[PDB]
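Everything on this sheet refers to the single structure shown next.
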Amino acid sequence: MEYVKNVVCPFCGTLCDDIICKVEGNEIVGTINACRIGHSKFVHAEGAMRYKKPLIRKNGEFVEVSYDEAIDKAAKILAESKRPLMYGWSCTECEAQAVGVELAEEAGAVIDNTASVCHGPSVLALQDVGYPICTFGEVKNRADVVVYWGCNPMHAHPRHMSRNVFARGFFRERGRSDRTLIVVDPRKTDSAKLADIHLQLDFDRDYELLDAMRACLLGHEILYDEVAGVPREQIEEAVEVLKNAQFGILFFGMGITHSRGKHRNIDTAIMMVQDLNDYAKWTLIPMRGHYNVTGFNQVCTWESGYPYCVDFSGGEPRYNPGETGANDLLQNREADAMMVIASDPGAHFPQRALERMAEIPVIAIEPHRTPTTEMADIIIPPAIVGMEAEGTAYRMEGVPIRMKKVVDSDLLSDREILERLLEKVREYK
Amino acid sequence: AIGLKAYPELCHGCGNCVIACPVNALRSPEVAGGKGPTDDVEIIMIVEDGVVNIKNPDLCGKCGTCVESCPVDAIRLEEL
Amino acid sequence: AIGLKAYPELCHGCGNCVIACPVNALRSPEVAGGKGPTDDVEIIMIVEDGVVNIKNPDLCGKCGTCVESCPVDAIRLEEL
Amino acid sequence: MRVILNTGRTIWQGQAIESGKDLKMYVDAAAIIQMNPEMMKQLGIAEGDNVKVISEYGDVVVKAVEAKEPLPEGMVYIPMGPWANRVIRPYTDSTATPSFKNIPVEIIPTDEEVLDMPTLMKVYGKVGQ
Amino acid sequence: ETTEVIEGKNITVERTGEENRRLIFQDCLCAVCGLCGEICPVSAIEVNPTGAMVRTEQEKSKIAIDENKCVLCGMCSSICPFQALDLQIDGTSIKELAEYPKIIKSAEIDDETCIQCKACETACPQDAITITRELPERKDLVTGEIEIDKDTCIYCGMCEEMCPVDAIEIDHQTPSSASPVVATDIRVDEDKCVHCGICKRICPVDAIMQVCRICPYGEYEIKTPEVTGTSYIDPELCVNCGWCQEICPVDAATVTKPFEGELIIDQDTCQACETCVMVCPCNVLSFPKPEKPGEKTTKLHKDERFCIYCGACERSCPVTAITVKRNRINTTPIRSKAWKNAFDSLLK
Amino acid sequence: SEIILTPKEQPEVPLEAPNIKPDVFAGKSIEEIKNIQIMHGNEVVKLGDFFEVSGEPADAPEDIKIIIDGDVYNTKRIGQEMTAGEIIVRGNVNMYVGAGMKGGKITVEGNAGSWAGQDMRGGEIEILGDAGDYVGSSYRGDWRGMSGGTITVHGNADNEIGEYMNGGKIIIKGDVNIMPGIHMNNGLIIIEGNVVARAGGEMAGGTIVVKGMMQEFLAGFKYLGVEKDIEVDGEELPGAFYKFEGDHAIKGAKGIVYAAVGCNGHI
Ligand SMILES: Nc1nc2c(c(=O)[nH]1)N[C@H]1C(S)=C(S)[C@@H](COP(=O)(O)OP(=O)(O)OC[C@H]3O[C@@H](n4cnc5c(=O)[nH]c(N)nc54)[C@H](O)[C@@H]3O)O[C@H]1N2
Ligand SMILES: Nc1nc2c(c(=O)[nH]1)N[C@H]1C(S)=C(S)[C@@H](COP(=O)(O)OP(=O)(O)OC[C@H]3O[C@@H](n4cnc5c(=O)[nH]c(N)nc54)[C@H](O)[C@@H]3O)O[C@H]1N2
Ligand code: SF4
Ligand code: SF4
Ligand code: SF4
Ligand code: SF4
Ligand code: SF4
Ligand code: SF4
Ligand code: SF4
Ligand code: SF4
Ligand code: SF4
Ligand code: SF4
Ligand code: SF4
Ligand code: SF4
Ligand code: SF4
Ligand code: SF4
Ligand SMILES: [K+]
Ligand SMILES: [K+]
Ligand SMILES: [K+]
Ligand SMILES: [K+]
Ligand SMILES: [K+]
Ligand SMILES: [K+]
Ligand SMILES: [Mg+2]
Ligand SMILES: [S]
Ligand SMILES: [W+6]
């Protein structure tokens, strides 16, 4: 047995880089320090389909093909397509994402990542009002008040609290005892159970609650005696806790991006954090989901100028979320072909989008059996980033960390698959 | 007598107990600062294969800190 | 049309509707004063064999007073 | 019963997706609906019984589970997945992001069976190409 | 090609053509007085019993309109004192069309005379009036100085308890070895303080300095109160009973009514079932409570000043102990002779 | 004067046709109009490939009136940045109708998609049917939006109409959904029907009038009382309105919401 240390975990945006992998043959048989989810990715569950070779279905049933045939037919679909959708990206590394941008440019495609079903609304909000953030270490070493707003880290970022709240930092040497922990959620989540304050507000009224809080913050009277199910008196007491912070951090998640108002819930939250800096240092961090969703928006931004929902059909890059987003093209029946990489929209898009996936050619660069492969025409299996392939990923607050290669795989990496698909798309055009 | 008992089937691997424990903190600065141990250390429990795993129960002083830090009652102080 | 309907199977025979009704009251001073009729009178309804019994539905003006006075909804104004 | 449908994460649904969405584990973790025990009593069902969820946008059958994370009165929880996404609201309000959370649904007891993962997707009727 | 749409308890009858006609009935505004059914030239309207529709739960609408008989002339809409029937033509409501006779009525408040006492808002049997008023802030009707010496203060809480307006606030806490005190601050909210002097008299260590200036400096530091606001009479909820006119202490409200008539009550026929009292949309009818024991009162009391002679009480009474006469119906000029016969047929 | 575009059956992959405007049609024969470039997905194509073209040329855009006599539900950006003239669409349109418009007028006889009149500067847009999101909105990230013009929607609109408005006038005769007037700075919004929630969210200036019912409102607004007989941007309003000033979550906010008294007592 051998123990490989300092491994970076390829699941969620916490992007822990202290994982120990237990390697036996050439295979990862156990972990240390990784949480229950991260461990499940590193280890193979027996009875689980791990595609060993590309597949193509013959109107109704899948047959094994070679890499060159699968890549070739995939290139033909994208070359002939007039509005191809290239979606996913969040669970692979940045060098593959960069090739994807060039390929989307070459195919006149719209390229988009899981941000469009995730923190896309935070992207729209931050473009309109701003983005006051910090890195995890400032939270650990300085944070006096820690808020989890509409996110459930114990189930979705399991080690997030232990690394940022219970940790003993430079100016917070007593860890959990040095911080007031606040959670905002209509459910009594296991994250809420650990809180000093739990605002169990009415669902989809965050925007109303944040409007009252900010009016209070700027010295105004709160119109109604109860807002979002929270009594006026406790609105102000909550604003006083935030005003009296020495260093506050607002972690927020899907409870306010998926809710009514979507990006405008993030908008009002950001502007409160900004204005609070006249009374107390305050900052925010979106709880980005996958380990490298942040990386795609970084790569796509610096190459093209825009972070997601990027449409190259006209040559120039153009950007209108609400127009050029994965769900918009599918539900409005604009997309005439779709390439999925490192994502599962078959499992995780709404019914109305899947209706369109049923009618169009679907390419899936995917290692495992999923609802998307069940809706797929071509399946191309890759080496998995973080276990069998290396590359850069970006943590939820922008910190870049290189994913490590722990064991060998005979399958091709995403980037090599994408470089060959780009080669053939040009040949046809 | 009352001692530390783990319920791995309920555990998330979140690590709050590992970090919160003062014995662990005292012995491993990485644990004190919220990280999983990378250096070789003898501590009371760690997260291993995704769940809590008790390694040195004799070092446990039964203070109750880890129990408070777990929201899903996966680590406890009970008889035996 | 809307009219008076009796539900004797729910009825208590308590007599509130008979006394409350102004047509009955105007027609029988004993009913106006809360008694069951002893003198022979033609009124809208009576308690007979322990339950409310509609005798002259044509004199009913559907004002609704009887309904307000019945706690068990045994006399009503409804279709037919 | 009219209830508000909320959807999202679970440690077991995360373990399941990284174990394999083709496995039975995933059905057990994601083809479920979490309810407060008082709500189960009122509709007359126990843990393990199945529920029919109907919305303006679709329908699904999921297995009832007692919520260990208590819910507000009138709310139920379906973990993210293709079962939840049969019924939640697809429209993005011109933001690209669907309304995955807090959707009015109708829930009903049913003797129908939970559809496993490959059977569930056939409802969308994939045509080969 | 006429149509009838039923939305809830409301009824819309529409006919399309070069001239689009539509008759809209709003159940919630209907007082079930019956006048529409009487005036209807083709007997297209059936009105359900007044008492039953007011005192009991019913799923039926208060009226029924027959599509096949209705000629959409709009007489029912014209006569309706409660604005529950509106005929629209090329969609403009007939009340704005001079071709259609209109009942003459009005309800007005002289806002310069009005002092915002709000009696009419309370008195209005239809909640048709909104009266707003902006009072001065408390701080501006009062004058003084107050300051608490926090070093002298021992945080006994006696002033906080005694303060009759809760103007004093103490930051209580449980002591710790790091912070061995039972409170960390004390404050007076001068937006609330009315300078009564209680706190300073109760203070055990004379830590509060307080001076009231009201009597010597009130002429200069306290501005004379001048109370602003406005009025609004909802024209569709409004029914011209005149309660506001009669309740107004400064005669700022004026009301004119559509019908002239009388109310006639037979106290001995009346058995006090209370139906007409509950039915009356203008609160004309009441059961006076006797003031002293042994006293008797008139069984059914009226005040025709508030009466509009819609006839709903008479219609609701199952012993016809109450009857309504109607001598005059004031309208804009009528040219059609059909319209003049319908309006005169409602006179008695 | 009159140039007729008869649309051929519309493709599943939408068209973008910024050049369908009097400015471009001016001074061209029918054949040259047949050759105007439009987009269809990632292909450059000709307008003639999707429209039959008849009518009379004219050299000045003031004298040209374009008629699209048929449904064009899948063509975007019609009339974009037009300066003068007239467009009439006898059917539905997709997104961005009249985006960036400077002058002239567009009439849509059916529905319009999102971003109708986005970044409007002058002229008129009339939509006889329903509209989408972001009527008279700004563009992503920009804090300067619509600065002039008039948009009239006879049906209903959805979210964030008048987003970051900075002048001009929007009239929705029907209902809207949520966040009308979000981040408004200046201008006038009149909603004759109902509003679900968050009218005037985070507005700094401007005026929003609601003649129907707001189901919910916002605690950052201060109630000023009632005003009768109001006059706003040349529009006469009868009746009484509850008057609110906000949104005081924003510093220095001077925005005004008027809500009709008859249906807003709960506000
Ligand atoms: N186990 C597991 N972990 C994951 C993932 C996974 O699939 N499984 N995926 C990853 C991804 S992609 C992401 S984006 C993150 C997501 O992590 P989160 O942001 O936590 O997303 P959710 O858990 O879906 O929802 C967060 C919380 O919002 C609450 N909520 C619902 N409605 C409202 C509301 O109106 N207001 C407020 N304030 N809250 C509300 C819900 O109760 C829920 O607990 O997790 C990542 N981690
Ligand atoms: N009802 C509901 N639905 C939702 C949500 C919700 O809260 N509720 N949340 C939405 C959100 S936030 C998101 S982000 C989506 C989830 O977004 P998804 O992308 O659907 O998340 P996963 O299911 O984890 O998909 C990741 C896939 O990539 C594969 N993969 C892993 N490593 C690699 C690699 O190295 N290369 C390649 N090519 N593939 C790899 C894995 O096998 C896995 O199938 O769900 C959305 N849908
Ligand atoms: S937390 Fe997110 S990252 Fe750190 S381990 Fe558990 S999963 Fe892998
Ligand atoms: S008990 Fe006190 S000591 Fe024994 S573990 Fe939990 S914490 Fe470390
Ligand atoms: S025990 Fe409770 S806490 Fe210690 S890890 Fe398992 S879960 Fe996180
Ligand atoms: S009816 Fe209602 S009231 Fe009249 S008797 Fe039978 S019960 Fe007593
Ligand atoms: S209804 Fe009015 S009248 Fe007909 S009975 Fe009941 S009470 Fe006597
Ligand atoms: S008239 Fe009397 S009844 Fe006919 S409608 Fe107007 S109100 Fe209802
Ligand atoms: S309109 Fe002329 S006809 Fe049609 S109902 Fe009212 S009255 Fe009878
Ligand atoms: S009107 Fe006469 S009553 Fe109604 S308010 Fe002005 S004053 Fe008080
Ligand atoms: S009383 Fe004198 S002392 Fe006791 S509190 Fe009020 S002030 Fe401080
Ligand atoms: S003065 Fe009268 S009011 Fe002002 S504080 Fe002392 S007590 Fe409360
Ligand atoms: S009297 Fe002396 S104290 Fe009493 S009020 Fe006039 S001033 Fe203030
Ligand atoms: S008149 Fe009768 S109704 Fe019209 S207002 Fe004065 S009171 Fe309210
Ligand atoms: S009058 Fe006819 S109705 Fe009014 S009370 Fe005397 S009886 Fe009941
Ligand atoms: S009283 Fe005068 S007003 Fe009250 S109802 Fe009988 S009539 Fe209509
Ligand atoms: K695995
Ligand atoms: K515990
Ligand atoms: K009853
Ligand atoms: K009828
Ligand atoms: K007190
Ligand atoms: K008077
Ligand atoms: Mg903008
Ligand atoms: S994500
Ligand atoms: W995500």
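The chains in the structure tokens are called A, B, ... from first to last as shown; in each chain the residues are counted from 1, and the ligands are counted from 1 in the order shown.
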
Taking the DSSP assignment computed from this structure's backbone, write out as a count of residues only all residues of range 142-311 of chain E that belong to strand (DSSP E or B).
40

Taking only C-alpha atoms and all ligand atoms into account, which residues have an atom no farther than 6 Å from ligand 23? I'd like them as a list in words.
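Taking only C-alpha atoms and all ligand atoms into account, the residues around ligand 23 at most 6 Å away are residues 128 of chain A; 138, 139, 140, 141, 142 and 143 of chain F.
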
Writing out the chosen residues with C-alpha atoms as a compact mmCIF listing (two decimals), in the first residue's frame:
# COMPACT_ATOMS: atom_id res chain seq x y z
CA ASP A 128 -24.51 45.13 -12.08
CA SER F 138 -30.59 48.12 -19.86
CA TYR F 139 -27.80 45.78 -20.95
CA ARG F 140 -25.89 43.45 -18.60
CA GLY F 141 -23.57 45.35 -16.30
CA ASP F 142 -24.52 48.79 -17.57
CA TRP F 143 -26.00 51.24 -15.08

So which residues touch range 51-59 of chain B within 6 Å, counting only C-alpha atoms, skipping near sequence neighbours fewer than 4 positions away, as a ChimeraX atom specification?
/B:8,11,13,44-47

Write out as number ranges by chain each polymer residue whose atoms come within 10 Å of residue 164 in chain E, counting only C-alpha atoms; drop sequence neighbours fewer than 3 positions from it.
E: 159-161, 167-168, 192-194, 196, 198-199

Would you mind exporting N, CA and C atoms of the selected residues as an mmCIF file, in the first residue's frame?
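Final output, saved to result-v4.cif:
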data_model
loop_
_atom_site.group_PDB
_atom_site.id
_atom_site.type_symbol
_atom_site.label_atom_id
_atom_site.label_comp_id
_atom_site.auth_asym_id
_atom_site.auth_seq_id
_atom_site.Cartn_x
_atom_site.Cartn_y
_atom_site.Cartn_z
ATOM 1 N N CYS E 159 -34.711 53.626 36.820
ATOM 2 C CA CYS E 159 -35.210 54.604 35.857
ATOM 3 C C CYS E 159 -35.797 53.921 34.631
ATOM 4 N N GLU E 160 -35.133 52.867 34.149
ATOM 5 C CA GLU E 160 -35.642 52.122 33.004
ATOM 6 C C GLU E 160 -37.026 51.561 33.292
ATOM 7 N N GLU E 161 -37.234 51.056 34.509
ATOM 8 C CA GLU E 161 -38.539 50.534 34.893
ATOM 9 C C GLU E 161 -39.579 51.646 34.967
ATOM 10 N N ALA E 167 -38.221 55.353 27.304
ATOM 11 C CA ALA E 167 -37.187 56.123 26.620
ATOM 12 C C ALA E 167 -35.773 55.734 27.035
ATOM 13 N N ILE E 168 -35.607 55.131 28.199
ATOM 14 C CA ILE E 168 -34.290 54.765 28.699
ATOM 15 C C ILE E 168 -34.019 53.312 28.346
ATOM 16 N N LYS E 192 -38.324 59.848 22.198
ATOM 17 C CA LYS E 192 -39.419 59.343 23.014
ATOM 18 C C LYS E 192 -39.619 60.119 24.303
ATOM 19 N N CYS E 193 -38.535 60.611 24.902
ATOM 20 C CA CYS E 193 -38.599 61.336 26.165
ATOM 21 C C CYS E 193 -39.562 62.515 26.085
ATOM 22 N N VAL E 194 -40.457 62.608 27.069
ATOM 23 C CA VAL E 194 -41.384 63.727 27.194
ATOM 24 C C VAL E 194 -41.081 64.576 28.423
ATOM 25 N N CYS E 196 -40.828 64.192 31.787
ATOM 26 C CA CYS E 196 -41.716 64.200 32.942
ATOM 27 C C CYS E 196 -40.965 64.292 34.266
ATOM 28 N N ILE E 198 -39.516 61.790 36.063
ATOM 29 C CA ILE E 198 -39.610 60.646 36.967
ATOM 30 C C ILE E 198 -38.237 60.016 37.190
ATOM 31 N N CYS E 199 -37.482 59.800 36.107
ATOM 32 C CA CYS E 199 -36.198 59.107 36.210
ATOM 33 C C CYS E 199 -35.265 59.813 37.185
#

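Taking only C-alpha atoms and all ligand atoms into account, the protein and nucleic acid residues that come at most 7 Å from ligand 20 are residues 4, 64, 65, 66 and 67 of chain E.
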
Selected residues, N, CA, C and O atoms, written as a short mmCIF file (atom, residue, chain, number, x, y, z; two decimals), in the first residue's frame, please.
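Below you can see out.cif, which holds the result:
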data_model
loop_
_atom_site.label_atom_id
_atom_site.label_comp_id
_atom_site.auth_asym_id
_atom_site.auth_seq_id
_atom_site.Cartn_x
_atom_site.Cartn_y
_atom_site.Cartn_z
N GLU E 4 -72.33 34.87 -22.41
CA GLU E 4 -72.34 35.10 -20.97
C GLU E 4 -71.19 34.35 -20.33
O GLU E 4 -71.14 33.12 -20.37
N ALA E 64 -79.55 36.64 -11.51
CA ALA E 64 -79.30 35.88 -12.74
C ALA E 64 -79.77 36.71 -13.93
O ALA E 64 -80.85 37.31 -13.88
N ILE E 65 -78.97 36.74 -14.99
CA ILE E 65 -79.31 37.45 -16.21
C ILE E 65 -79.42 36.45 -17.35
O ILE E 65 -78.53 35.62 -17.54
N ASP E 66 -80.51 36.54 -18.10
CA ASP E 66 -80.75 35.62 -19.21
C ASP E 66 -80.15 36.20 -20.49
O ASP E 66 -80.57 37.26 -20.96
N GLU E 67 -79.14 35.51 -21.04
CA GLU E 67 -78.53 35.92 -22.31
C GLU E 67 -79.58 36.10 -23.39
O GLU E 67 -79.57 37.09 -24.14
#

Exercise: residue 234 in chain A partners within 12 Å, only C-alpha atoms, chain neighbours under 3 positions left out, as a ChimeraX atom specification
/A:197-201,209,212-213,216,222,225-231,237-241

Shell around residue 26 in chain D at 7 Å using only C-alpha atoms, local window under 2 positions removed, as a PyMOL selection string
chain D and resi 13+16-17+21+23-24+28-30

For the residues in that selection, give me C-alpha atoms as a CSV table (one decimal), in the first residue's frame.
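File produced: out_16.csv:
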chain,number,residue,atom,x,y,z
D,13,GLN,CA,-27.5,12.0,-2.9
D,16,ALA,CA,-24.9,8.4,-4.7
D,17,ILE,CA,-24.0,10.5,-7.7
D,21,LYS,CA,-26.3,7.2,-11.0
D,23,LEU,CA,-27.0,2.2,-9.1
D,24,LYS,CA,-29.9,1.5,-6.8
D,28,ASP,CA,-32.9,5.4,-2.8
D,29,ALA,CA,-31.2,8.8,-2.3
D,30,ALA,CA,-32.8,10.9,-5.0
